[PDB]
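A short worksheet on the structure shown next.
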Ligand SMILES: [Fe+3]
Ligand SMILES: [Fe+3]
Ligand SMILES: [Fe+3]
Ligand SMILES: [Fe+3]
Ligand SMILES: [Mg+2]
Ligand SMILES: [Mg+2]
Ligand SMILES: [Mg+2]
Ligand SMILES: [Mg+2]
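Chains as they are written, first to last, in the authors' numbering: chain F, 5 to 176; chain E, 5 to 176; chain D, 5 to 176; chain B, 5 to 176.
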């Protein structure tokens with residue numbers, strides 16, 4: 005048992021390892037999305053940049069959780085990172101819709117993690133989740149919502165004009 | 005009853021006065037440790053500096069709790085500050101081990117304080133402890149554990165080269 | 005068939021996708037290693053830093069292959085990223101020995117990729133591997149050899165002093 | 005026989021002269037395309053600018069091959085530069101499609117040149133082609149591919165709004 009460990013439940017430790025894996029998975033999804041938009045037959049450069057930025061941020065989310073595990077005296081156990089659900093993400097709008105679903109999935113996982121920390125009376129872990137993760141998810145969800153709404157109102161996915169102009173004027 | 009007091013239980017008020025006393029005691033422990041390393045027969049200047057810095061920080065932790073007590077309309081009651089458990093702290097490794105035990109002790113007090121504040125439905129006080137104290141303790145405990153690990157692996161306390169080089173390369 | 009595709013064999017495309025997976029795997033190994041050295045019972049922060057930098061580099065290696073795949077009109081197919089072979093990397097020296105073995109493994113894969121590109125008379129792809137990958141591996145392999153040699157000469161992994169001082173003076 | 009000539013086959017010398025002619029021809033095609041877009045009845049200034057830039061770059065490509073010919077001790081023999089295939093390039097999309105076709109034609113010639121240099125064991129000439137020509141062609145092809153995709157998706161060449169907006173937002 006770690007010399008630093010204090011008020012850190014075995015279940016919380018295990019839940020943090022699950023969250024790490026999910027953050028790395030989210031990173032991988034966004035990587036896949038990015039390079040879809042880099043294809044010569046899709047060629048929406050600012051969609052690509054937008055998704056690659058998200059990829060890199062997900063990796064930071066994972067790293068901070070790995071730091072937390074070690075700070076609290078848990079032990080990191082890494083797992084296979086599952087490949088994304090799609091190879092072809094279809095359109096700007098469909099990608100954004102899939103991203104919104106991903107962020108809500110990740111948010112639900114974090115809310116389950118907070119429920120467990122609350123049950124185990126771990127206020128440091130509650131604070132960690134609240135400070136560094138929950139508002140990030142609320143902001144990401146709201147932004148993705150806004151993006152999906154605009155793309156739909158502009159006439160996407162059907163109007164190819166719509167994705168081109170959104171790429172330029174919102175994501176540029 | 006103070007004109008400012010709202011949702012602040014008498015038990016929380018008393019627990020904050022206990023915490024103030026404990027922060028002042030931790031300050032005094034670290035002061036004693038610092039001046040041990042300043043002795044001509046110990047002479048590890050960066051151990052001394054490390055512990056003196058911790059002493060000053062604990063005094064700040066004490067003052068912020070005093071500020072909080074007054075903010076919430078409680079009344080400060082100071083007690084004798086107990087002398088540290090030792091006069092002679094033996095070695096840099098033993099002082100680091102005692103510092104780790106002390107920080108875990110203060111952390112357990114803050115967790116009990118948070119449990120009480122949760123019980124009394126005092127979210128302002130919960131937030132105060134999480135925001136200013138809990139992560140500070142986690143970082144301190146992790147750092148002290150890291151230091152103990154290194155000193156032991158280096159071959160302390162028998163190898164006096166170990167303490168000299170750690171003083172120079174880690175604490176310098 | 006992609007409107008940009010020219011002189012780009014289906015076997016080369018498939019081999020690039022295999023290489024992308026291997027670069028992402030190496031990124032994950034180095035991530036694992038990094039956070040091992042961040043543990044409170046290992047506590048070698050420059051080893052952690054060194055392996056984290058290598059992890060981020062590997063991800064860039066992957067992204068550049070993904071870019072090349074799209075430039076040549078191939079199609080990216082991502083796969084599960086397998087977890088590293090170990091959870092616990094034992095020591096600074098043993099981690100460095102495993103990194104050396106990993107870099108040799110990546111290098112052999114790049115040499116097979118070049119053999120294939122040569123056989124398919126793809127000078128662009130040959131140039132790409134030579135310019136961006138082959139010398140980078142040779143440098144990495146030489147540096148890891150140098151590190152292994154020094155740690156061994158210093159007395160690692162039995163001497164914990166050796167790892168401490170190598171962390172400070174070579175990696176810091 | 006030039007006092008500088010070494011390992012430079014007469015067939016390679018001849019193929020460099022053919023390449024110079026093709027680069028100058030590409031320069032002329034792009035010049036033609038540029039001033040089509042300058043017409044008062046076409047009036048797409050950023051298409052004009054884009055194609056004039058390419059024209060000037062093709063001339064640089066020609067000059068660097070003339071320099072190479074002299075460096076290796078070959079003798080430059082210039083030929084008539086044939087007029088481009090069209091006088092009227094129809095539209096922004098059709099001009100981009102023709103430019104993609106032209107760049108692939110130039111690329112195929114460079115690959116045939118590299119095959120010849122490889123057969124005559126001329127690594128210097130192989131390196132020259134890879135370093136200065138092959139990746140430049142791959143980037144040009146990918147960029148033209150990207151432009152064609154976007155113009156098509158925006159609804160060109162039917163939608164005159166599409167070419168106007170593309171001229172402003174992508175080529176401006
Ligand atoms: Fe995340
Ligand atoms: Fe304190
Ligand atoms: Fe690599
Ligand atoms: Fe050219
Ligand atoms: Mg709370
Ligand atoms: Mg908070
Ligand atoms: Mg070669
Ligand atoms: Mg080369």
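We treat Cβ as the ideally placed atom computed from N, Cα and C, and that holds for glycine.
Residue i - DSSP class collapsed to helix/strand/coil
i: residue 85 of chain D; result: strand
i: residue 21 of chain E; result: helix
i: residue 75 of chain F; result: helix
i: residue 61 of chain B; result: helix
i: residue 7 of chain D; result: coil
i: residue 133 of chain B; result: helix
i: residue 176 of chain D; result: coil
i: residue 162 of chain B; result: coil
i: residue 48 of chain E; result: coil
i: residue 13 of chain B; result: coil
i: residue 154 of chain E; result: helix
i: residue 125 of chain F; result: coil
i: residue 42 of chain E; result: coil
i: residue 145 of chain D; result: helix
i: residue 94 of chain E; result: coil
Whole-angstrom distance between residue j and residue i, CA atom to CA atom
i: residue 37 of chain F; j: residue 149 of chain F; result: 17 Å
i: residue 117 of chain E; j: residue 45 of chain D; result: 29 Å
i: residue 157 of chain F; j: residue 89 of chain F; result: 27 Å
i: residue 72 of chain B; j: residue 79 of chain B; result: 10 Å
i: residue 163 of chain F; j: residue 152 of chain F; result: 14 Å
i: residue 167 of chain B; j: residue 161 of chain B; result: 7 Å
i: residue 75 of chain F; j: residue 141 of chain E; result: 10 Å
i: residue 16 of chain E; j: residue 126 of chain E; result: 9 Å
i: residue 143 of chain F; j: residue 81 of chain D; result: 31 Å
i: residue 92 of chain F; j: residue 8 of chain D; result: 18 Å
i: residue 87 of chain F; j: residue 104 of chain D; result: 27 Å
i: residue 155 of chain E; j: residue 52 of chain D; result: 18 Å
i: residue 19 of chain E; j: residue 57 of chain E; result: 26 Å
i: residue 146 of chain F; j: residue 55 of chain B; result: 42 Å
i: residue 176 of chain D; j: residue 50 of chain D; result: 6 Å
i: residue 135 of chain B; j: residue 107 of chain F; result: 44 Å
i: residue 35 of chain B; j: residue 59 of chain B; result: 5 Å
i: residue 139 of chain B; j: residue 124 of chain B; result: 22 Å
i: residue 119 of chain F; j: residue 43 of chain E; result: 51 Å
i: residue 137 of chain B; j: residue 40 of chain D; result: 46 Å
i: residue 13 of chain B; j: residue 70 of chain D; result: 38 Å
i: residue 48 of chain F; j: residue 111 of chain D; result: 34 Å
i: residue 29 of chain E; j: residue 114 of chain E; result: 15 Å
i: residue 33 of chain F; j: residue 100 of chain F; result: 12 Å
i: residue 85 of chain B; j: residue 62 of chain B; result: 13 Å
i: residue 11 of chain E; j: residue 122 of chain F; result: 22 Å
i: residue 102 of chain F; j: residue 165 of chain F; result: 21 Å
Report yes or no: do three or more beta-carbon pairs, one from the stretch 162-173 of chain E and one from the stretch 82-97 of chain E, lie closer than 8 Å? These segments touch.
Along the stretch 69-81 of chain D, what residues have a CB closer than 9 Å to any CB found in chain F? 70, 71, 73, 74, 75, 77, 79, 80, 81
Which residues of the stretch 146-165 of chain D have a Cβ closer than 7 Å to any Cβ of chain E? Give them in chain order. 164, 165
Examine the Cβ distances between the stretch 56-75 of chain B and the stretch 15-26 of chain B and report whether three or more of them are shorter than 8 Å. They touch, by the three-pair rule.
Mind the definition here: the stretch 130-142 of chain E touches the stretch 127-138 of chain F only if three or more C-beta pairs lie below 8 Å; say whether that holds. Yes, the stretch 130-142 of chain E touches the stretch 127-138 of chain F.
By the 7 Å beta-carbon criterion, what residues does the stretch 110-134 of chain D contribute toward chain B? 125, 127, 128, 131
Residues of the stretch 46-71 of chain F whose Cβ lies closer than 9 Å to any Cβ of chain B, in chain order: For the stretch 46-71 of chain F, which is checked against every Cβ of chain B, the residues closer than 9 Å are 46, 47, 48, 49.
Of the residues that make up the stretch 7-31 of chain F, which ones have a beta carbon closer than 8 Å to any beta carbon in chain E? 7, 8, 10, 11
Would you list, in chain order, the members of the stretch 31-44 of chain D that have their beta-carbon closer than 8 Å to a beta-carbon of chain E? Under the 8 Å Cβ criterion, the stretch 31-44 of chain D contributes 44.
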